[PDB]
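Okay, here we've got a single chain as structure tokens, the form deposited in one PDB entry, with questions on binding and movement later.
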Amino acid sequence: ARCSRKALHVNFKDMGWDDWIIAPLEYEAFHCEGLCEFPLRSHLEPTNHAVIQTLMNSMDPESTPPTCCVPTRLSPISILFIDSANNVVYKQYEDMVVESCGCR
């Protein structure tokens, strides 16, 4: 399976954070996972470096591992929570949800 976005269901209650987080207690974060193989296709938006490393790995897997499938665009979510002063706070957290994956 080639590098792509797969599901990551986050349950905050499962993390024990239902004591500060009010809402939401679940959300879809997604993860990237998969092979990064030559040639690195357009949707994977490789850097020059990823291409070189990919070539090098396959000609000498000792010199360097293959490149990695990781998020390349992310979007935020807001969380309603209790802070240490006991204020209720509604805050946008950046970089919370995988929108696209690629080889880096």
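Quick note: we count residues from 1 along the sequence shown, nothing fancier. In this text, rigid core is short for the largest set of C-alphas that superpose within 1.5 Å between two forms.
We do not show the form deposited in another entry, though everything after this point is about it.
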Next on the checklist: After superposing the rigid core, is the C-alpha displacement of residue 44 2 Å or more between this form and the one not shown?
Outcome noted: yes
Item to check | Core-aligned CA displacement of residue 78 at least 2 Å between this form and the one not shown | outcome: no
Item to check | Relative Cα spacing, residue 42 and residue 99, in that other deposited form - shift of 3 Å or more | outcome: closer
